[PDB]
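The block underneath contains the structure these notes are about, expressed in structure tokens.
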Amino acid sequence: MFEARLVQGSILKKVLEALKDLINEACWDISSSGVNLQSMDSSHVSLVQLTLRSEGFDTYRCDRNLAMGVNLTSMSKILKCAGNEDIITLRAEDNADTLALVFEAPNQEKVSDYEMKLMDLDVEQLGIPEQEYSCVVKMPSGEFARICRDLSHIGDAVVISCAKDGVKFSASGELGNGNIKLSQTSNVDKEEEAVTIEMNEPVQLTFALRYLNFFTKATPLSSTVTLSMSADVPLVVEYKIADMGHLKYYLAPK
Amino acid sequence: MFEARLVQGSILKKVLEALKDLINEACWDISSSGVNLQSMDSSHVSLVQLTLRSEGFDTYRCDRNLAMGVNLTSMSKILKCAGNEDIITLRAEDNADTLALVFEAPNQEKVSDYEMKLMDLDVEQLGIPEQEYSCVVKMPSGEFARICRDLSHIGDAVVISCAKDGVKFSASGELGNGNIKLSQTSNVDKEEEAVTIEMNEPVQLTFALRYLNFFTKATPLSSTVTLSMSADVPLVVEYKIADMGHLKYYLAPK
Amino acid sequence: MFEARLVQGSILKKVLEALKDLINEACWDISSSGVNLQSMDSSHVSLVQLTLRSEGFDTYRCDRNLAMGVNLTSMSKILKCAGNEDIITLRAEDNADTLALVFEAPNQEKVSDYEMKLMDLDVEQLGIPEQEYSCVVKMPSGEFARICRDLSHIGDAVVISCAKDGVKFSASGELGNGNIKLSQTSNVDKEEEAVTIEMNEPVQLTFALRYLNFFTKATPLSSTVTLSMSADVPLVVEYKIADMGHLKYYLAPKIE
Amino acid sequence: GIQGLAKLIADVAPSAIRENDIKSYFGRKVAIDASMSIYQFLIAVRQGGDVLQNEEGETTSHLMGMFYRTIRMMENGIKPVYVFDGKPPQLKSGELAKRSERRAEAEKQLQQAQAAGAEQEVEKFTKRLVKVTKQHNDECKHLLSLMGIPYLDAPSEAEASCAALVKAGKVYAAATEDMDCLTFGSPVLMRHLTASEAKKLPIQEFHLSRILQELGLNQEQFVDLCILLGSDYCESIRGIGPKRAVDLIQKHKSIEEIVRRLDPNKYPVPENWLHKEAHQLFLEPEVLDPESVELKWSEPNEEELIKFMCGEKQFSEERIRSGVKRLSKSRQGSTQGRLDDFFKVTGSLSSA
DNA sequence: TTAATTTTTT
DNA sequence: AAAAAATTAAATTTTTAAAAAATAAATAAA
DNA sequence: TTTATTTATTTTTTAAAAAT
């Protein structure tokens with residue numbers, strides 16, 4: 001009864017390459033208001049909240065609430081069969097345990113039917129109070145990939161600090177100390193390469209860098225990263241998926 | 001004395017890159033009508049019929065019908081020395097037991113002479129004649145390469161089927177099952193990307209995708225691949241190269 | 001108090017990418033005249049003479065001739081944090097205990113301070129005389145990189161024969177034989193893809209290929225390789241970078 | 001065999017000791033005192049008290065240890081000359097009597113500990129019991145003859161001939177953690193040469209030229225210094241350790257002034273034994289002729305080596321085959337010279 | 001062969 | 001305090017594999 | 001093509017077992 005024609009087929013490929021190494025098994029909680037995915041880590045440290053609304057899908061036909069368990073390594077190697085320009089249709093039925101994926105291509109005449117067996121899993125559902133966070137930044141995603149990828153060579157801990165000049169990333173380890181300071185943008189008026197800081201108070205928390213390396217696998221999804229955190233809440237790494245969905249990554253402080 | 005100039009040396013370079021993974025050692029048959037290789041796999045399940053005839057060679061000289069034993073990994077490394085634009089001059093001195101490889105640069109500056117240490121190896125050639133094949137398809141080789149790289153994740157089995165509509169690449173395994181449907185098109189304006197299908201019988205044949213991945217590793221040779229098959233005859237994966245020759249890949253079904 | 005703001009940090013990143021595979025632990029002889037590094041291989045058969053003169057840096061400043069020893073793997077991992085156009089600013093404080101590395105991107109304002117822990121070395125620096133070599137070969141650097149990279153698959157040693165026609169690289173192994181023979185470019189269209197030979201007398205020497213691969217790891221630094229050699233004298237593989245210094249490379253021949 | 005010499009050179013002359021890497025000595029011809037290495041393997045390599053021994057009854061722990069150590073000696077590129085001891089002199093007879101008395105006390109304490117039942121005490125008291133016979137050194141010389149790696153039989157002492165091979169330049173250095181090579185006259189001494197993947201100890205390289213530059217002495221005053229602070233050839237004077245012997249050498253040079261001016265009422269000369277015989281035996285021993293040796297590292301025998309070590313020592317095949325393959329790889333790689341043969345060392349840069 | 005450490009001593 | 005002598009007190013190196021790091025070999029859209 | 005990015009054989013790494 002479930003059908004979801006996603007026309008810009010790089011989106012689900014980027015979601016499965018983002019969540020392949022982090023989550024091994026989860027539950028794609030699919031409702032009539034849009035596909036959701038709220039899951040904890042396999043190592044049980046990081047919370048992943050994925051939500052895509054129905055307006056981005058070209059033909060989203062969802063009769064009722066589907067809560068089925070999808071293996072993410074299986075679905076990631078199924079989305080590795082898809083091209084970067086095709087149309088992904090998620091035909092499904094609740095009678096059999098089949099998650100059928102059909103890949104219509106625009107360039108070619110390819111029809112790639114891919115039915116996947118699904119395992120029964122306990123659906124985790126942990127809420128988040130939607131609060132106004134302390135330091136909410138809007139900084140480039142390639143910059144966050146670069147910063148986490150280079151600070152992970154020093155150690156497994158980053159001290160992300162916000163200030164009036166901007167965000168400061170500080171990692172300490174055996175090779176030494178690495179401080180990365182990102183300032184504002186004065187008069188470029190770009191607002192995708194530009195870094196904007198929304199802050200009420202300066203904070204200083206220590207975050208693990210292996211989970212940030214897992215979080216920076218979502219960098220082709222968006223050109224912006226919305227890191228929003230406070231002094232006690234987990235860091236929220238939000239990737240705006242094509243203005244039609246969001247992928248939120250939660251990380252407890254170290 | 002055997003001497004064979006070859007200007008488009010990239011073609012022989014991807015021939016050795018194609019035969020590096022399958023064959024470790026085979027008898028490179030030299031004739032007056034060209035170089036032949038009716039090799040057979042080290043796993044002993046598939047036959048390789050390489051035929052590069054002498055009209056596409058720029059300057060071909062052959063006196064004796066000799067068949068030297070060539071380590072294919074060694075000649076693959078020596079052709080990995082050879083550049084993509086290098087004029088390759090194959091040589092074989094009589095009573096030397098050495099296949100001499102001379103690479104000439106497009107400018108008259110660099111000359112790369114190499115040699116081999118051969119072995120006294122012989123093989124029993126079987127010989128499969130080309131009868132009236134019933135089912136022949138002809139898709140672009142990059143698309144068939146993408147199809148085998150798609151279906152190799154799901155399982156080590158492909159069920160290639162055909163009908164009046166088009167070729168079906170069925171596969172199944174522990175990850176689920178995947179059916180790739182590729183239909184024929186009436187497009188005579190493009191030949192290297194359009195697909196023509198000639199069918200006589202609706203046939204279902206089950207293969208193994210490891211050896212089909214090794215045949216998939218030959219696709220930079222041409223943008224045209226040919227999967228001719230029938231009910232009980234083992235199929236070919238014919239690689240339609242230009243006037244130099246061709247490359248066949250026989251494979252027994254599972 | 002040492003400080004050197006280098007505006008082309010890709011050059012120093014390529015120096016440490018070159019030196020990382022060959023030397024694991026090296027000592028930097030930084031003086032007021034320039035930045036120098038003279039350290040051999042751990043097998044002590046392959047010496048590097050890095051020179052980075054003070055005219056190549058923009059704001060070079062060094063009070064005392066401070067010698068410090070870093071881990072080149074760790075310094076290479078910290079210089080991989082810099083981008084391709086990131087302005088690498090050296091800083092060593094007076095009574096040095098650590099080295100600070102500031103990476104500034106030109107367009108985006110971004111200060112990537114990287115403090116790096118120093119360590120203690122005993123590295124033998126050697127007095128190389130200013131001798132003139134008979135076989136001096138200028139090559140394109142990617143061509144010599146290709147030659148060492150594909151003759152390493154054949155054998156463990158390259159016989160570098162030097163003729164007036166051109167330099168000949170011969171390697172023999174259990175896989176087979178190989179003879180890469182070059183020619184001096186009589187028709188020169190471009191300087192960077194031309195081979196010049198500067199003969200005094202013909203030489204014929206054999207050199208190992210592992211250290212030659214470590215020499216051709218310096219390929220994106222300069223597009224020219226000055227292969228200088230003589231009879232039973234170590235081969236100079238000079239990577240003369242653009243108006244900032246020169247990266248020498250020494251290698252003892254396989255004597256017979 | 002000098003009691004407190006390495007601590008002395010670590011104290012008063014730090015420029016002599018350069019704790020280098022084992023990778024650093026590529027292609028260096030090296031003489032090695034071998035009998036202490038034989039006791040190092042027969043003491044160390046035990047399978048829980050029992051020595052590594054075979055079906056016929058003899059032990060083969062030294063063969064095991066020096067096969068494996070010599071293969072990773074060539075894998076770092078060091079070319080060894082395992083020099084074997086000969087007839088010990090009559091001046092060494094007192095120290096050998098003391099060693100035999102200590103071995104007898106270790107045997108009596110082993111007979112106590114065998115009835116006691118503690119396994120660690122028995123394995124330690126047989127770890128202070130190890131003594132070779134000419135059959136053990138014959139088995140080792142058979143290993144080195146099948147190795148293609150040259151053995152030399154010293155006439156009197158192996159470290160004296162090691163020092164003569166350094167002094168004639170036939171080898172670069174003497175490799176033993178015994179400290180007598182600097183007494184016998186070797187310029188370069190290599191302590192702690194252990195060819196292991198577990199590189200827990202650096203190669204302690206001792207330079208005699210920096211000792212004689214730093215202390216301002218010739219060979220004779222250094223021999224008198226080692227005699228005063230204690231050798232295994234003659235007794236030292238009681239009450240004078242390392243530092244007062246250094247001061248007594250530095251204030252007047254020869255040992256004749258030391259015995260003729262220092263009063264017996266405070267530091268008496270024990271037994272009135274003449275130290276000049278030990279002095280002339282350190283300077284001019286019964287030593288191997290260094291120009292008559294054949295220091296050639298030939299191609300190893302493989303099939304006869306397999307036949308030896310698995311027909312009368314019953315080893316395992318694949319480890320010896322990997323060792324001979326690494327030996328063949330090192331023999332192909334050993335033709336590469338150093339930069340020290342062409343470019344002279346003009347100092348060593350030291351960081352802060 | 002060489003250390004490490006408590007004891008003894010100038 | 002500085003410095004000696006009594007009394008022990010230690011001598012190795014594979015292969016195997018748990019855990020982590022680096023390359024070139026593919027792999028390929030950007 | 002060129003430049004980097006993943007997969008994944010290739011290596012060290014400490015720390016365990018036996019090595020005959």
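In the structure tokens, chains take letters A, B, ... by order of appearance, with residues numbered from 1 within each chain and ligands from 1 in the order shown.
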Exercise. With all C-alpha atoms paired in order, what RMSD does the least-squares fit of chain B onto chain A leave?
Worked result: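 Answer to one decimal place: 1.0 Å.
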Interface rows for chain A against chain B: nearest pair, Å to one decimal, 10 Å, only C-alpha atoms, as JSON lines:
```
{"residue": "A:71", "atom": "CA", "partner": "B:175", "partner_atom": "CA", "distance": 9.3}
{"residue": "A:73", "atom": "CA", "partner": "B:175", "partner_atom": "CA", "distance": 9.4}
{"residue": "A:74", "atom": "CA", "partner": "B:175", "partner_atom": "CA", "distance": 6.1}
{"residue": "A:75", "atom": "CA", "partner": "B:175", "partner_atom": "CA", "distance": 8.8}
{"residue": "A:77", "atom": "CA", "partner": "B:153", "partner_atom": "CA", "distance": 6.7}
{"residue": "A:78", "atom": "CA", "partner": "B:154", "partner_atom": "CA", "distance": 7.9}
{"residue": "A:79", "atom": "CA", "partner": "B:150", "partner_atom": "CA", "distance": 9.3}
{"residue": "A:80", "atom": "CA", "partner": "B:150", "partner_atom": "CA", "distance": 7.3}
{"residue": "A:81", "atom": "CA", "partner": "B:150", "partner_atom": "CA", "distance": 4.6}
{"residue": "A:82", "atom": "CA", "partner": "B:150", "partner_atom": "CA", "distance": 8.0}
{"residue": "A:83", "atom": "CA", "partner": "B:146", "partner_atom": "CA", "distance": 9.3}
{"residue": "A:98", "atom": "CA", "partner": "B:176", "partner_atom": "CA", "distance": 8.7}
{"residue": "A:99", "atom": "CA", "partner": "B:176", "partner_atom": "CA", "distance": 9.3}
{"residue": "A:100", "atom": "CA", "partner": "B:178", "partner_atom": "CA", "distance": 9.1}
{"residue": "A:101", "atom": "CA", "partner": "B:178", "partner_atom": "CA", "distance": 9.0}
{"residue": "A:102", "atom": "CA", "partner": "B:180", "partner_atom": "CA", "distance": 9.1}
{"residue": "A:103", "atom": "CA", "partner": "B:180", "partner_atom": "CA", "distance": 9.1}
{"residue": "A:108", "atom": "CA", "partner": "B:182", "partner_atom": "CA", "distance": 9.1}
{"residue": "A:109", "atom": "CA", "partner": "B:182", "partner_atom": "CA", "distance": 6.5}
{"residue": "A:110", "atom": "CA", "partner": "B:182", "partner_atom": "CA", "distance": 5.3}
{"residue": "A:111", "atom": "CA", "partner": "B:181", "partner_atom": "CA", "distance": 5.0}
{"residue": "A:112", "atom": "CA", "partner": "B:180", "partner_atom": "CA", "distance": 4.3}
{"residue": "A:113", "atom": "CA", "partner": "B:179", "partner_atom": "CA", "distance": 5.0}
{"residue": "A:114", "atom": "CA", "partner": "B:178", "partner_atom": "CA", "distance": 4.4}
{"residue": "A:115", "atom": "CA", "partner": "B:177", "partner_atom": "CA", "distance": 5.6}
{"residue": "A:116", "atom": "CA", "partner": "B:176", "partner_atom": "CA", "distance": 4.5}
{"residue": "A:117", "atom": "CA", "partner": "B:176", "partner_atom": "CA", "distance": 5.4}
{"residue": "A:118", "atom": "CA", "partner": "B:176", "partner_atom": "CA", "distance": 8.9}
```
Limited to N, CA, C and O atoms, could you put the picked residues into a file as an mmCIF file, in the first residue's frame?
```cif
data_model
loop_
_atom_site.group_PDB
_atom_site.id
_atom_site.type_symbol
_atom_site.label_atom_id
_atom_site.label_comp_id
_atom_site.auth_asym_id
_atom_site.auth_seq_id
_atom_site.Cartn_x
_atom_site.Cartn_y
_atom_site.Cartn_z
ATOM 1 N N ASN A 71 17.339 -3.369 7.354
ATOM 2 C CA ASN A 71 18.779 -3.471 7.558
ATOM 3 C C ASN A 71 19.481 -2.399 6.730
ATOM 4 O O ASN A 71 19.313 -2.342 5.509
ATOM 5 N N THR A 73 22.779 -1.784 6.204
ATOM 6 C CA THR A 73 23.836 -2.253 5.313
ATOM 7 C C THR A 73 23.243 -2.855 4.045
ATOM 8 O O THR A 73 23.758 -2.623 2.940
ATOM 9 N N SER A 74 22.135 -3.591 4.195
ATOM 10 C CA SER A 74 21.404 -4.157 3.064
ATOM 11 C C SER A 74 20.811 -3.067 2.182
ATOM 12 O O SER A 74 20.945 -3.108 0.953
ATOM 13 N N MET A 75 20.183 -2.060 2.796
ATOM 14 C CA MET A 75 19.552 -1.010 2.010
ATOM 15 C C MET A 75 20.604 -0.064 1.439
ATOM 16 O O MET A 75 20.407 0.495 0.361
ATOM 17 N N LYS A 77 23.669 -1.128 0.386
ATOM 18 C CA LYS A 77 24.157 -1.821 -0.801
ATOM 19 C C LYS A 77 23.083 -1.971 -1.876
ATOM 20 O O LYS A 77 23.422 -2.238 -3.032
ATOM 21 N N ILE A 78 21.805 -1.808 -1.526
ATOM 22 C CA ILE A 78 20.760 -1.731 -2.545
ATOM 23 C C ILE A 78 20.742 -0.346 -3.201
ATOM 24 O O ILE A 78 20.627 -0.229 -4.425
ATOM 25 N N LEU A 79 20.906 0.723 -2.413
ATOM 26 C CA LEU A 79 21.024 2.066 -2.986
ATOM 27 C C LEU A 79 22.349 2.304 -3.702
ATOM 28 O O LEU A 79 22.441 3.243 -4.497
ATOM 29 N N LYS A 80 23.370 1.481 -3.452
ATOM 30 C CA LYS A 80 24.572 1.532 -4.278
ATOM 31 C C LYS A 80 24.334 0.988 -5.684
ATOM 32 O O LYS A 80 25.126 1.278 -6.587
ATOM 33 N N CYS A 81 23.269 0.206 -5.890
ATOM 34 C CA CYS A 81 22.893 -0.202 -7.238
ATOM 35 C C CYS A 81 22.273 0.943 -8.030
ATOM 36 O O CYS A 81 22.315 0.932 -9.264
ATOM 37 N N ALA A 82 21.694 1.927 -7.349
ATOM 38 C CA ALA A 82 21.017 3.022 -8.021
ATOM 39 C C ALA A 82 22.020 4.021 -8.593
ATOM 40 O O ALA A 82 23.123 4.205 -8.073
ATOM 41 N N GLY A 83 21.621 4.667 -9.690
ATOM 42 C CA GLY A 83 22.394 5.747 -10.261
ATOM 43 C C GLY A 83 22.160 7.052 -9.523
ATOM 44 O O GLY A 83 21.308 7.163 -8.646
ATOM 45 N N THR A 98 8.402 -7.529 2.076
ATOM 46 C CA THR A 98 9.108 -7.074 0.883
ATOM 47 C C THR A 98 9.112 -5.552 0.845
ATOM 48 O O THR A 98 8.051 -4.920 0.869
ATOM 49 N N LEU A 99 10.308 -4.968 0.784
ATOM 50 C CA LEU A 99 10.477 -3.543 0.505
ATOM 51 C C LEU A 99 11.033 -3.430 -0.908
ATOM 52 O O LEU A 99 12.243 -3.470 -1.130
ATOM 53 N N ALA A 100 10.137 -3.305 -1.881
ATOM 54 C CA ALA A 100 10.540 -3.295 -3.278
ATOM 55 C C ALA A 100 11.003 -1.903 -3.684
ATOM 56 O O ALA A 100 10.310 -0.912 -3.442
ATOM 57 N N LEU A 101 12.180 -1.831 -4.294
ATOM 58 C CA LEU A 101 12.718 -0.583 -4.815
ATOM 59 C C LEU A 101 12.857 -0.699 -6.324
ATOM 60 O O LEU A 101 13.505 -1.625 -6.816
ATOM 61 N N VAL A 102 12.248 0.233 -7.052
ATOM 62 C CA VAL A 102 12.269 0.237 -8.511
ATOM 63 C C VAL A 102 12.973 1.513 -8.955
ATOM 64 O O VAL A 102 12.599 2.611 -8.528
ATOM 65 N N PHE A 103 13.987 1.372 -9.809
ATOM 66 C CA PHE A 103 14.844 2.489 -10.207
ATOM 67 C C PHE A 103 14.600 2.825 -11.677
ATOM 68 O O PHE A 103 15.301 2.325 -12.559
ATOM 69 N N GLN A 108 18.149 6.473 -19.351
ATOM 70 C CA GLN A 108 18.002 5.190 -20.010
ATOM 71 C C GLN A 108 16.597 4.626 -19.827
ATOM 72 O O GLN A 108 15.679 5.287 -19.334
ATOM 73 N N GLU A 109 16.447 3.385 -20.264
ATOM 74 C CA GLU A 109 15.234 2.582 -20.139
ATOM 75 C C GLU A 109 15.314 1.514 -19.037
ATOM 76 O O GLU A 109 14.491 0.594 -18.963
ATOM 77 N N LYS A 110 16.234 1.725 -18.090
ATOM 78 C CA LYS A 110 16.496 0.803 -16.988
ATOM 79 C C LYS A 110 15.344 0.750 -15.992
ATOM 80 O O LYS A 110 14.892 1.784 -15.491
ATOM 81 N N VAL A 111 14.877 -0.461 -15.705
ATOM 82 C CA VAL A 111 13.943 -0.731 -14.619
ATOM 83 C C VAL A 111 14.631 -1.728 -13.700
ATOM 84 O O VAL A 111 14.829 -2.891 -14.073
ATOM 85 N N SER A 112 15.004 -1.280 -12.507
ATOM 86 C CA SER A 112 15.790 -2.081 -11.573
ATOM 87 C C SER A 112 14.926 -2.381 -10.351
ATOM 88 O O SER A 112 14.957 -1.649 -9.362
ATOM 89 N N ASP A 113 14.160 -3.465 -10.421
ATOM 90 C CA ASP A 113 13.323 -3.887 -9.303
ATOM 91 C C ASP A 113 14.195 -4.545 -8.241
ATOM 92 O O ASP A 113 15.004 -5.423 -8.553
ATOM 93 N N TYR A 114 14.032 -4.125 -6.988
ATOM 94 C CA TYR A 114 14.866 -4.593 -5.882
ATOM 95 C C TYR A 114 13.999 -4.832 -4.652
ATOM 96 O O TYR A 114 13.803 -3.920 -3.843
ATOM 97 N N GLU A 115 13.504 -6.053 -4.490
ATOM 98 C CA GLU A 115 12.736 -6.411 -3.307
ATOM 99 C C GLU A 115 13.685 -6.871 -2.210
ATOM 100 O O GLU A 115 14.599 -7.663 -2.460
ATOM 101 N N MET A 116 13.464 -6.380 -0.998
ATOM 102 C CA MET A 116 14.345 -6.635 0.130
ATOM 103 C C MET A 116 13.560 -7.305 1.249
ATOM 104 O O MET A 116 12.448 -6.879 1.572
ATOM 105 N N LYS A 117 14.127 -8.360 1.834
ATOM 106 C CA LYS A 117 13.512 -8.948 3.015
ATOM 107 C C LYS A 117 13.744 -8.051 4.225
ATOM 108 O O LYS A 117 14.756 -7.351 4.323
ATOM 109 N N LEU A 118 12.768 -8.041 5.129
ATOM 110 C CA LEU A 118 12.766 -7.154 6.281
ATOM 111 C C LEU A 118 12.669 -7.977 7.556
ATOM 112 O O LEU A 118 11.919 -8.955 7.619
#
```
Problem set entry | Non-local contacts of residue 41 of chain A (9 Å; only C-alpha atoms (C1' of nucleotides); under 5 positions in same chain excluded) as a PyMOL selection string | chain A and resi 22-24+46-48
Given the selection you just returned, output its residues as a file containing C-alpha atoms, formatted as a tab-separated table (two decimals), in the first residue's frame.
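The resulting file, part_21.tsv, is shown below:
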```tsv
chain	number	residue	atom	x	y	z
A	22	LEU	CA	26.67	4.41	11.84
A	23	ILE	CA	23.44	2.38	12.14
A	24	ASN	CA	23.41	-1.28	11.15
A	46	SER	CA	24.34	8.73	19.14
A	47	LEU	CA	20.69	9.40	18.29
A	48	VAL	CA	19.77	9.76	14.62
```
Chain G near chain D within 10 Å: what's each residue's closest atom pair and its distance in Å to one decimal, counting only C-alpha atoms (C1' of nucleotides), ordered by chain then ascending residue number, as JSON lines?
```
{"residue": "G:14", "atom": "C1'", "partner": "D:198", "partner_atom": "CA", "distance": 9.6}
{"residue": "G:18", "atom": "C1'", "partner": "D:47", "partner_atom": "CA", "distance": 8.0}
{"residue": "G:19", "atom": "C1'", "partner": "D:52", "partner_atom": "CA", "distance": 7.7}
{"residue": "G:20", "atom": "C1'", "partner": "D:52", "partner_atom": "CA", "distance": 5.3}
```
For this session: Considering only C-alpha atoms (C1' of nucleotides), return as a ChimeraX atom specification whatever protein or nucleic-acid residues lie within 12 Å of segment 4-13 of chain G, sequence-local ones (same chain, fewer than 2 positions apart) excluded.
Result: /A:17,217 /D:197-198 /F:17-30 /G:2,15
Store the residues picked out above, limited to N, CA, C and O atoms (P, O5', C5', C4', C3', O3' and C1' of nucleotides), as a compact mmCIF listing (two decimals), in the first residue's frame.
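Written output follows (selection-v1.txt):
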```txt
# COMPACT_ATOMS: atom_id res chain seq x y z
N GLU A 17 24.41 6.23 2.39
CA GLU A 17 25.84 6.33 2.65
C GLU A 17 26.14 7.15 3.90
O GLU A 17 27.24 7.01 4.46
N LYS A 217 29.41 11.94 7.14
CA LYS A 217 29.14 11.19 5.94
C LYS A 217 27.89 11.68 5.23
O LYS A 217 27.57 11.20 4.14
N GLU D 197 62.15 -7.93 16.49
CA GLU D 197 61.04 -7.03 16.18
C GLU D 197 60.65 -6.20 17.39
O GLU D 197 60.34 -5.01 17.26
N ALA D 198 60.69 -6.80 18.58
CA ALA D 198 60.51 -6.07 19.83
C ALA D 198 61.80 -5.31 20.11
O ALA D 198 62.70 -5.80 20.80
P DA F 17 45.46 -17.25 15.24
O5' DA F 17 45.15 -15.76 15.73
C5' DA F 17 45.16 -15.46 17.12
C4' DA F 17 45.06 -13.97 17.36
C3' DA F 17 43.87 -13.27 16.68
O3' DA F 17 43.20 -12.44 17.62
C1' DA F 17 45.87 -12.13 16.20
P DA F 18 41.65 -12.05 17.38
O5' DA F 18 41.19 -11.42 18.78
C5' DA F 18 42.12 -11.29 19.85
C4' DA F 18 42.49 -9.83 20.08
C3' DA F 18 41.45 -8.81 19.61
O3' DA F 18 41.26 -7.80 20.60
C1' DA F 18 43.55 -8.32 18.66
P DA F 19 40.06 -6.74 20.47
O5' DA F 19 40.72 -5.48 19.74
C5' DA F 19 41.60 -4.61 20.47
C4' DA F 19 42.44 -3.77 19.53
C3' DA F 19 41.68 -2.71 18.74
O3' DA F 19 41.95 -1.42 19.28
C1' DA F 19 43.33 -3.87 17.40
P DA F 20 41.14 -0.12 18.76
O5' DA F 20 42.11 0.51 17.65
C5' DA F 20 43.43 0.89 18.00
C4' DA F 20 44.31 1.01 16.77
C3' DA F 20 43.90 2.08 15.75
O3' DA F 20 44.93 3.06 15.63
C1' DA F 20 44.50 0.04 14.69
P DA F 21 44.63 4.49 14.96
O5' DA F 21 45.55 4.48 13.64
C5' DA F 21 46.96 4.41 13.77
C4' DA F 21 47.61 4.00 12.46
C3' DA F 21 47.34 4.93 11.27
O3' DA F 21 48.55 5.21 10.58
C1' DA F 21 46.81 2.71 10.69
P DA F 22 48.70 6.53 9.69
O5' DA F 22 48.99 5.97 8.22
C5' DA F 22 50.23 5.33 7.94
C4' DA F 22 50.16 4.56 6.63
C3' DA F 22 49.80 5.39 5.40
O3' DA F 22 50.67 5.08 4.33
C1' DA F 22 48.33 3.54 5.60
P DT F 23 51.07 6.21 3.26
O5' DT F 23 50.73 5.53 1.85
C5' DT F 23 51.49 4.42 1.40
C4' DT F 23 50.62 3.45 0.63
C3' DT F 23 50.13 3.95 -0.73
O3' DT F 23 50.67 3.16 -1.78
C1' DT F 23 48.39 2.87 0.50
P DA F 24 51.14 3.85 -3.15
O5' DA F 24 51.53 2.62 -4.10
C5' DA F 24 51.02 1.30 -3.83
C4' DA F 24 49.66 1.10 -4.50
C3' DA F 24 49.46 1.86 -5.81
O3' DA F 24 49.61 1.02 -7.03
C1' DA F 24 47.52 1.94 -4.39
P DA F 25 49.14 -0.52 -7.18
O5' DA F 25 47.67 -0.62 -6.56
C5' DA F 25 47.06 -1.90 -6.36
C4' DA F 25 45.56 -1.86 -6.62
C3' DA F 25 45.15 -1.57 -8.07
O3' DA F 25 44.09 -2.45 -8.45
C1' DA F 25 44.05 -0.10 -6.62
P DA F 26 43.91 -2.90 -9.98
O5' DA F 26 42.33 -2.87 -10.21
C5' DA F 26 41.63 -1.63 -10.23
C4' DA F 26 40.63 -1.55 -9.09
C3' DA F 26 39.21 -1.18 -9.52
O3' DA F 26 38.27 -1.74 -8.62
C1' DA F 26 40.06 0.52 -8.15
P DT F 27 36.75 -1.98 -9.08
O5' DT F 27 36.06 -0.55 -8.89
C5' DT F 27 35.94 0.02 -7.60
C4' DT F 27 35.34 1.42 -7.66
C3' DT F 27 34.51 1.72 -8.92
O3' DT F 27 33.21 2.15 -8.54
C1' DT F 27 36.02 3.48 -8.46
P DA F 28 32.08 2.44 -9.65
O5' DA F 28 32.19 4.01 -9.91
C5' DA F 28 32.21 4.91 -8.80
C4' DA F 28 32.26 6.35 -9.27
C3' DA F 28 31.70 6.60 -10.67
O3' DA F 28 30.78 7.68 -10.64
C1' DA F 28 33.81 7.61 -10.43
P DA F 29 29.53 7.73 -11.65
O5' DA F 29 28.82 9.12 -11.31
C5' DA F 29 28.22 9.33 -10.03
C4' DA F 29 28.92 10.44 -9.26
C3' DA F 29 28.54 11.86 -9.68
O3' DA F 29 28.46 12.70 -8.52
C1' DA F 29 30.87 11.54 -9.96
P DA F 30 27.78 14.15 -8.62
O5' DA F 30 29.02 15.15 -8.70
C5' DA F 30 29.96 15.21 -7.64
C4' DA F 30 31.14 16.10 -7.99
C3' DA F 30 30.76 17.45 -8.60
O3' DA F 30 31.45 18.50 -7.93
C1' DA F 30 32.36 16.36 -9.95
P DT G 2 46.53 14.52 -16.67
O5' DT G 2 45.92 14.96 -15.26
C5' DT G 2 45.22 16.19 -15.14
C4' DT G 2 44.38 16.22 -13.88
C3' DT G 2 45.12 15.85 -12.59
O3' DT G 2 45.31 17.02 -11.79
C1' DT G 2 42.90 14.93 -12.70
P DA G 15 51.62 -3.86 26.14
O5' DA G 15 51.13 -5.38 26.12
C5' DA G 15 49.80 -5.69 25.71
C4' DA G 15 49.66 -7.17 25.39
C3' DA G 15 50.46 -8.11 26.30
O3' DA G 15 49.62 -8.69 27.37
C1' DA G 15 50.49 -8.79 23.99
```
For this session: Could you please determine the separation between atom CA of residue 11 of chain D and atom CA of residue 219 of chain D in Å, to one decimal place?
Result: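 If I compute the distance from atom CA of residue 11 of chain D to atom CA of residue 219 of chain D, I get 19.6 Å.
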